[PDB]
Amino acid sequence: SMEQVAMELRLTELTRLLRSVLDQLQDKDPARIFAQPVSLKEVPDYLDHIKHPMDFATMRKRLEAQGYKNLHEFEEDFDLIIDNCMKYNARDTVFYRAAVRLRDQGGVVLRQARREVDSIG
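Residues numbered from 1 in each chain as written, not as in the entry; some residues may be left out. Heavy atoms only, no water. Residues with missing side-chain atoms left out of burial classes, pairs and counts.

Going by the header, the method for this PDB entry is X-ray crystallography, and the resolution given is 1.8000 Å.

The protein chain is annotated in the PDB entry as Bromodomain-containing protein 1 from Homo sapiens.

Structure follows, in structure tokens:
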């Protein structure tokens, strides 16, 4: 149907805006601490701690399959990146501190992304 096409075009356009949001967030991680999944070979206990691992590569795979239907879904995954790191790692660690900085800086970007998603529809 034409209605299904129109919905698909909205999803595609949301995908474009989320790709740009994703790029901007990832630039706030120049150390590349959050670039890839935590390795279970190198942190064998990880899944005993963290039930839903997340990372920027995994988000990028979902994004390219148009797997985020709305901004809320994408923000949920971004928050997992931060929240997981802040639980597994102590306050005095480079990992924890990197997450705090990513969260603080990412807030700015997400604030205007929400306006854009509402504004454009």
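## Concerning unusual backbone geometry
One non-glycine residue with positive phi stands out, namely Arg-32, at about 60°. Mapped onto the elements, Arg-32 comes out in the loop between α1 (2-27) and α2 (46-49). By relative accessible area, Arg-32 is classed as exposed at 52%. We note that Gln-66 has phi near 50°; this positive angle belongs to a residue other than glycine. With respect to the helices and strands, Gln-66 occurs in the loop between α3 (56-64) and α4 (71-88). (Helix = DSSP H or I, 4+ residues; strand = E, 2+ residues; numbered from the N terminus. Buried < 20%, exposed > 50% of the residue type's maximum accessible area, 1.4 Å probe, protein only.)

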